[PDB]
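A.B. asks: Residue numbers (the entry's author numbering), protein chains in the order written: chain C, 16 to 107; chain G, 14 to 106; chain H, 33 to 124; chain D, 33 to 124; chain E, 56 to 132; chain A, 61 to 132; chain F, 25 to 101; chain B, 20 to 101.
My questions all concern the structure below.
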Amino acid sequence: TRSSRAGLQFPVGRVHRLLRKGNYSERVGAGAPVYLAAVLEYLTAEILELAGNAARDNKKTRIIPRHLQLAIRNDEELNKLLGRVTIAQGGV
Amino acid sequence: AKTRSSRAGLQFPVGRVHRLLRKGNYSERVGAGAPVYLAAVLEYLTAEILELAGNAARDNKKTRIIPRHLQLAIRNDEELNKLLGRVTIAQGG
Amino acid sequence: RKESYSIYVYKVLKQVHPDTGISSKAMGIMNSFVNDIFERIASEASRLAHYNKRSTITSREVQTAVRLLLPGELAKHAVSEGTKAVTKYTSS
Amino acid sequence: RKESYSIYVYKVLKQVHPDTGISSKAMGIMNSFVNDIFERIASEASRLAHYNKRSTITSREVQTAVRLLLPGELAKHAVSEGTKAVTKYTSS
Amino acid sequence: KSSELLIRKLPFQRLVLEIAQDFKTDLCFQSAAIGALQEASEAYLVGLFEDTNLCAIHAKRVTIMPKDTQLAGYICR
Amino acid sequence: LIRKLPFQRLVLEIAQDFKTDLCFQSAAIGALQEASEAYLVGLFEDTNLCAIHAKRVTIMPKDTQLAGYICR
Amino acid sequence: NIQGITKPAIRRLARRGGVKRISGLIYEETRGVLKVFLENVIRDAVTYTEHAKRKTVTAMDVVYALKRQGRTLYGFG
Amino acid sequence: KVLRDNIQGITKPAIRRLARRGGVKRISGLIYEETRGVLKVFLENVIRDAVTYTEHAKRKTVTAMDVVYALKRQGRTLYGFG
DNA sequence: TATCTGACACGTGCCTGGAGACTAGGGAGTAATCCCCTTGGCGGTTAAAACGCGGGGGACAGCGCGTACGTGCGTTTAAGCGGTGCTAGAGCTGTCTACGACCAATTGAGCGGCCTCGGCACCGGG
DNA sequence: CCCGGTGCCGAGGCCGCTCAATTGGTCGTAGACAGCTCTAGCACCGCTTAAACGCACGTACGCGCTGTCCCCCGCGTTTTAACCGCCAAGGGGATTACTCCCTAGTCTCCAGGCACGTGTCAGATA
């Protein structure tokens, strides 16, 4: 696959298919799906790391929406990204 | 009529709008009547705002429509202002 | 050569007010406004066609984009003007 | 047959936290987050490509979109990760 | 500290359905549609009340009064 | 409402911290100036509203802080 | 109708907001603003539903409506 | 060359005039520093975005279109510089 | 009262982009089937809403003070304007080449159905 | 305010099918690069004068202080209707198959809109 070639856990074939079928440009390079998949994986890993840390600070062994919103709102960069976003079951 | 803008009886270009909807990465297929509809809508909006701006300029015994009259025509109208509530009219006072 | 909407805006002006002019700065403002409204309606129609798995932009996506983007009476009159123009186009 | 990022998010989670599970509602929220971020980056890069008359979305458009859409340290680490993935991919 | 829903499910469903009958008479709503609407409404009201409390504290008061809600709505727009 | 030369100098000062090498078209300076003027005028409108809500007539920095906090 | 949004519900929404003391004229304001917010969101959702020539409003219609108003909602699609 | 302290070039009467246009009648003496800081933050954000746009285009000149796009990305659409 | 002086406004050249005509190929329209999810109605319990009373806490008004703001006026600074002058630098253009789309064959990642056990709510004694 | 006994339903893993992604290859065209010319941003000068600054002074009003009272929160008791569970019915969403006409694509033709040049209406000048 191309994920293994790039060393990622997010699909590069699917991201390429989505950048192509999404009417974003007349043609898509071979390095755009890889870069975008890497960025998506990094952001997902950051959110999951912080949410699991919040769950550890709450003696729970499952990430639930409350932990996701604790991870998001307690980070200034990460909350500036998602300020206009509400979360189901997220609370305050 | 040869010109599509005249066949529909408009003043905005239907051919240019068709080309823009074709080269704008909105879809891989554009219908025949979509440019006509869009050009008619744009023409109606432009005519409305120009009418209000000219009426404002005639209320000040002026002949030409300057940015200030456009700002007055936009802000003094409810719906039009609601359409452009985050728009800064340069030199519009 | 660089295109614009100057000629058509002036023609619409000469219909609405036969004996008034328009300053060049106001002309640039009107051109920017036309570009902005075109982009708004086109983006909304593209998302409408993407959501319904459709490949083409018919007059029904453009009408719905107008219906969503414009306030009540403004949308009502824009829809009427578009319907009239489309009917006149197809009838010939 | 419905596309989703659940398996990749699970792989990332079991990488960062091998002992932490994740609720189904948290998977839905993370799946919405991934789709949202992918769409925002792709749209911003499409605008970057169009504004310069280019027809191709390269890695340079995605990098600029990331630099514009994410706050400072988040953007820095995302750019580093994306460059690393692209280099590892093209080095093979 | 909690993360539940604060309005009752059936009054909110009735209100949403009654509003919808003005816009188009013949519609069904999915159960997830009502859930999404209720979640968004609760979040919007909570944010409005936070801004209202900030306005009240600014006005040298402790209680919130309607004038706080118009100020918050006007600033946020 | 703001003198052109001080505003251009401030813009160049701010821009030197992002790329050392830049120059700015006069139209770019004009666009920045008009955007800044509009932004500050709107900020002062919301500050005055907050001040009147206080029962004051004099605007104070707390009024500006509330007008910036609520506006997000 | 709108009076199913009881006073205790508005108190619970206000106390999750942080409000300490509530005036008696607040509840009518809250009902009004809830009605307006729901009106806008439901109108957009009904437009989206009728464009697809459907007759049930789905959770995705409400999500697209909210995102059109700028109220992006996670957890429903 | 390098530039210093030009934010203090936004004199007391300029801020007062902006306030008068906004509708403010009486201005506390601590308002001026607050407004200078606010304007500095706003300009810093906008210039950062415009510089990014210019840098991607492989140029050395920030144009009016770059600033217009930077303002639009912030949600502050500007008319009159197409 | 002559004149002269810019931003609108109109007269030519043309070239390029829009139009007329025709194919070919598939996106979309529409009949038909299936069933999943909605609607509605009913019954119990019990949690939450509603009403009612008492007080004290906070809202609102008046007053008093002293502080800092507006106005004025003379001085001082530097913005604005004309003029020169240059050189980076954006844009146009001419090539050619490498990179992306398409298509054919193959296969393995991923998705749906299914199944067993662990993480979390409850509790009543610790 | 903790602890082991009971307990339960969705989370995590398994297995087979399938179609979307990978492999090798050619075609074509977008853009990377080198060259060149014309513009406009930037630096510096001399002069005018309009805005900015610095002090003085009255006074408008912001802050605190006290007093009055009203109405919101706590609490208790009564009512009601929300919610869980069941059941009966259907209708509209999702999919599948057959056809057609509408749009991309191509080619030729030509007109219309963009540039450049010059005339002209509010307004101050000799």
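For every residue, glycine included, the Cβ atom is placed at its ideal position computed from N, Cα and C.
Looking at the strands, I want to know which residues DSSP matches up with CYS83(A).
C.D. replies: BP columns for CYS83(A) point to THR80(B).
A.B. asks: Can you give the beta carbon distance from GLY28(B) to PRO66(A), rounded, assuming they're within the 8 Å contact cut?
C.D. replies: Right, their Cβ atoms sit about 3 Å apart.
A.B. asks: For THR115(H), name the three-state secondary structure that DSSP assigns.
C.D. replies: Helix, per DSSP.
A.B. asks: Using three-state DSSP, classify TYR42(H) as helix, strand or coil.
C.D. replies: Helix.
A.B. asks: Cα-Cα, which of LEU83(G), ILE79(G) and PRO48(G) is closest to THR88(H)?
C.D. replies: Closest by alpha carbon: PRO48(G).
A.B. asks: At a Cβ threshold of 8 Å, is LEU100(H) touching chain G?
C.D. replies: Output row for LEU100(H): interface = no.
A.B. asks: Roughly how many angstroms lie between the CA atoms of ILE130(A) and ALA127(E), to the nearest whole one?
C.D. replies: Taking the straight line from one Cα to the other gives about 7 Å.
A.B. asks: So, helix, strand or coil for residue 18(H), using DSSP?
C.D. replies: Residue 18(H) lies beyond the range of chain H shown here (33 to 124); nothing can be said about it.
A.B. asks: How would you list, in chain order, the residues of chain G whose beta-carbon sits under 7 Å from the beta-carbon of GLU94(A)?
C.D. replies: Near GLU94(A) (Cβ distances below 7 Å), the residues of chain G are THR101 and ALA103.
A.B. asks: Which ranges would you report for the alpha helix (DSSP H) in the region 70–109 of chain D if only whole runs of at least 4 residues count?
C.D. replies: The qualifying runs are 91–101.
A.B. asks: Taking 8 Å as the threshold (beta carbon to beta carbon), is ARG88(G) in contact with chain H?
C.D. replies: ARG88(G) does not count as touching chain H.
A.B. asks: Starting from the beta carbon of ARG81(C), find every residue of chain E whose beta carbon is closer than 7 Å, and list them in chain order.
C.D. replies: Correct list: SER58.
A.B. asks: Nearest-angstrom Cα distance between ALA86(G) and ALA66(G)?
C.D. replies: Cα-Cα distance, rounded: 5 Å.
A.B. asks: On a Cα-Cα basis, can you pick out the residue from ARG78(B), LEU58(B), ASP24(B) and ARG92(B) that is closest to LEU103(A)?
C.D. replies: Of the candidates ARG78(B), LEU58(B), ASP24(B) and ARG92(B), the one whose C-alpha sits nearest the C-alpha of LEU103(A) is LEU58(B).
A.B. asks: Short of 6 Å in beta carbon distance, which residues of its chain neighbour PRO26(G), apart from the five on each side in sequence? Order them along the chain.
C.D. replies: Result list for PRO26(G): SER18, in chain order.
A.B. asks: What alpha helix (DSSP H) runs, 4 residues minimum, are completely inside the region 21–71 of chain B?
C.D. replies: You should have 31–41.
A.B. asks: Pick out whichever of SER78(H), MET59(H), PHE65(H) and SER75(H) has its Cα sitting closest to the Cα of residue 107(G).
C.D. replies: There is simply no residue 107(G) to check, as chain G begins at 14 and stops at 106 in what is shown.
A.B. asks: Give the residues from the region 78–96 of chain D that approach chain B closer than 9 Å (Cβ to any Cβ), ordered along the chain.
C.D. replies: Per Cβ criterion, the list reads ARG79, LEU80, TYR83, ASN84, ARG92, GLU93, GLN95 and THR96.
A.B. asks: Measure the C-alpha to C-alpha separation of residue 139(A) and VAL86(B) and round it to an integer number of angstroms.
C.D. replies: Coverage of chain A is limited to positions 61 through 132, which leaves residue 139(A) absent and any answer about it impossible.
A.B. asks: On the three-state DSSP scale, how would you describe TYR57(G)?
C.D. replies: Reduced to three states, the DSSP call for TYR57(G) is helix.
A.B. asks: Between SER36(D) and chain F, is any beta-carbon pair separated by less than 8 Å?
C.D. replies: Chain F, which has no Cβ nearer than 8 Å to the Cβ of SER36(D), makes this no.
A.B. asks: Is the distance from the Cβ of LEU62(F) to the Cβ of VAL101(E) below 8 Å?
C.D. replies: Not a contact, by the Cβ cut-off of 8 Å.
A.B. asks: Where does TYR39(G) sit, in a helix, a strand or coil, going by DSSP?
C.D. replies: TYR39(G) falls in the coil class under three-state DSSP.
A.B. asks: What are the residues in the region 73–101 of chain E lying within 7 Å of chain C by C-beta distance?
C.D. replies: Per Cβ criterion, the list reads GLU94, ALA95, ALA98 and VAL101.
A.B. asks: Label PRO80(G) either buried or exposed according to how many other C-beta atoms from any shown protein chain fall within 10 Å of its C-beta, with 16 as the threshold for buried.
C.D. replies: By the neighbour-count rule (16 or more Cβ atoms within 10 Å), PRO80(G) is buried.
A.B. asks: Buried or exposed: where does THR16(C) fall if 16 or more other Cβ atoms within 10 Å of its Cβ makes it buried?
C.D. replies: By the neighbour-count rule (16 or more Cβ atoms within 10 Å), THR16(C) is not buried but exposed.
A.B. asks: Taking the DSSP output, what are the residues bridged to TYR98(F)?
C.D. replies: DSSP output for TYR98(F) lists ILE102(C) as bridge partner(s).
A.B. asks: So if DSSP puts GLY102(A) in a beta bridge, which residue, or which two residues, is it bridged to?
C.D. replies: Paired residues: none, contrary to the question.
A.B. asks: Report the neighbours of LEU126(A) on chain B: residues whose CB is nearer than 7 Å to its CB, in chain order.
C.D. replies: Correct list: empty, because the minimum Cβ distance to chain B is about 12 Å.
A.B. asks: Please name the residues in the region 63–75 of chain C whose beta-carbon is closer than 9 Å to at least one beta-carbon of chain E, in chain order.
C.D. replies: Here the close residues number zero.
A.B. asks: If you measure between the beta carbons of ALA95(E) and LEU90(F), is that distance less than 8 Å?
C.D. replies: Yes.
A.B. asks: How is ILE74(E) classed by DSSP in three states: helix, strand or coil?
C.D. replies: Reduced to three states, the DSSP call for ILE74(E) is helix.
A.B. asks: Please say whether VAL43(G) and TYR98(B) have beta carbons closer to each other than 8 Å?
C.D. replies: Contact flag unset, no.
A.B. asks: Which of the three DSSP states is assigned to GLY44(C) in this structure?
C.D. replies: Coil at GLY44(C), not helix or strand.
A.B. asks: How big is the Cα-Cα spacing for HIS49(D) and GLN93(E)?
C.D. replies: Approximately 33 Å between the Cα atoms of the pair.
A.B. asks: Which residues in chain F have a C-beta closer than 9 Å to the C-beta of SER64(D)? List them in chain order.
C.D. replies: Within 9 Å Cβ-Cβ: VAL87, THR96, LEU97, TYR98, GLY99, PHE100 and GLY101.
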